[PDB]
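Examining the three-dimensional arrangement
Each chain is listed here by its residues.
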Amino acid sequence: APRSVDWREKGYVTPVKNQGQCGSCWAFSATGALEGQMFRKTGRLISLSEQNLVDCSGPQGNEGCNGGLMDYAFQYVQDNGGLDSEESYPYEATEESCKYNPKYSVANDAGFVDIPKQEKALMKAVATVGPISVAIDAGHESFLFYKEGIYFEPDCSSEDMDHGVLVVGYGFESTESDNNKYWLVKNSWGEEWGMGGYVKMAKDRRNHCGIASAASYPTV
Ligand code: NA
């Protein structure tokens, strides 16, 4: 595999969004991964509707602003036969009744692929597929105040993840500790968080914060 990958450079990645005060991170991770696999297929990058997932993918196991899973969103899109665009079904950060309209669908998928629980396999997936949906333990003050550099939190758990985000690549930079590898992660807390809304999460450090534990992508 390459030592460095950044799918934003290949046009796979929409700008950073902001979920507000709704527990819908899973919808943003999912749209992020489907935006990538749709681009891969069609060569067109279209922002997808998290509200569509929030309002409508309850039958697949999701619970709106109370939480969800990217794989359940991927299943909804297959079951539903479509997903509306962000422009047509904009984000309101509250759960409402489903207003999906197939005429405004701009995306589809035929299931999803779960990546084996290993950073080595996650790396191979990111290198060959595109942006990957992943779950992390973001429940630490250090994560809130992140500004730059490689994020490493010694109290981070590799099993109890609470936040869906999107790995758009990986790389390295020299550090004091010589723990130099990172996953490049798109968040959904707006541009003012982190590095323009991105975080470099420690890579090949014993599955730091569980980044490889629940990784998947939609099959388009
Ligand atoms: Na922000």
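The rules behind these values
- Residues numbered from 1 in each chain as written, not as in the entry; some residues may be left out.
- Part of a larger assembly, values for the part shown.
- Heavy atoms only, no water.
- Helix = DSSP H or I, 4+ residues; strand = E, 2+ residues; numbered from the N terminus.
- Polar contact = N/O pair within 3.5 Å; in protein donor to acceptor, adjacent residues only side chain to side chain.
- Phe/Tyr/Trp six-rings, centres within 6.5 Å; stacked < 30°, edge-to-face > 60°.
- Buried < 20%, exposed > 50% of the residue type's maximum accessible area, 1.4 Å probe, protein only.
- Patch = residues over 30% accessible without salt bridge, like charges linked within 9 Å, V, L, I, M, F, W, Y side chains within 5 Å.
- Areas by Shrake-Rupley, 256 points an atom, 1.4 Å probe, with all protein chains shown as cover.
- Salt bridge = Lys/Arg side-chain N within 4 Å of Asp/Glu carboxyl O.
- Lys, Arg positive; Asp, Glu negative; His and termini not counted.
- Charge placed at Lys NZ, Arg CZ, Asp CG, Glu CD.
- Disulfide = S-S within 2.5 Å.
- Expected span 1.5 Å × (residues − 1).

Header annotation of the entry names X-ray crystallography as the structure determination method and lists the resolution as 1.80 Å.

Examining the side chain of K203
Mapped onto the elements of the fold, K203 is located in the loop between β9 (198-202) and β10 (216-218). Of note is the side chain of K203, whose polar atom sits 2.7 Å from the side chain of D204.

Quick notes on the packing of aromatic side chains
Both the distance between ring centres and the angle between the ring planes are used here to describe each pair of aromatic rings. Taken as a whole, this structure holds eleven aromatic pairs when the rule is applied. Ring geometry for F143 versus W189: centroids 5.4 Å apart, planes at 85°, classification edge-to-face. One end of the pair, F143, is in helix α5 (residues 141-144); the other, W189, is in the loop between β8 (181-186) and β9, and 46 residues separate them in sequence. Using a relative accessible area of 0% as the deciding quantity, one classes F143 as buried. For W189, a relative accessible area of 22% gives the class partly exposed.

Details of a negative patch on the surface
Taken together, the side chains of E63, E92, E95 and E96 make up a negatively charged region of the molecular surface. In this structure, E92 sits in the loop between β2 (83-84) and β3 (105-107).

Side note on the state of the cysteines
Scanning the entire structure with this criterion turns up three disulfides. Bridging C22 to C65, the disulfide has an S-S length of 2.1 Å. Between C22 and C65, the S-S torsion sits near -95°, and that sign places the bridge as left-handed. Taken together, the residues span a long stretch of sequence, with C22 in the loop between β1 (5-6) and α1 (25-42) and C65 in the loop between α2 (50-56) and α3 (70-80) at a distance of 43 residues. Classification of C22 as buried rests on a relative accessible area of 3%. Through a disulfide, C56 is tied to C98; the S-S separation comes to 2.1 Å.

Remarks on α1
Under the 1.5 Å per step criterion, the end-to-end length of α1 is 26 Å for 18 residues, consistent within 8% with the ideal 26 Å. Within α1, 15 of the 18 residues are buried, leaving the element largely enclosed by the surrounding structure. Positive backbone phi, at 75°, marks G43, one or two positions downstream of α1.

Overview of unusual backbone geometry
Backbone geometry at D204 places phi at a positive 60°, although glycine is not the residue there. What makes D204 partly exposed here is its relative accessible area of 33%. One non-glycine residue, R206, lies in positive phi territory at about 60°. The residue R206 is located in the loop between β9 and β10 in this model.

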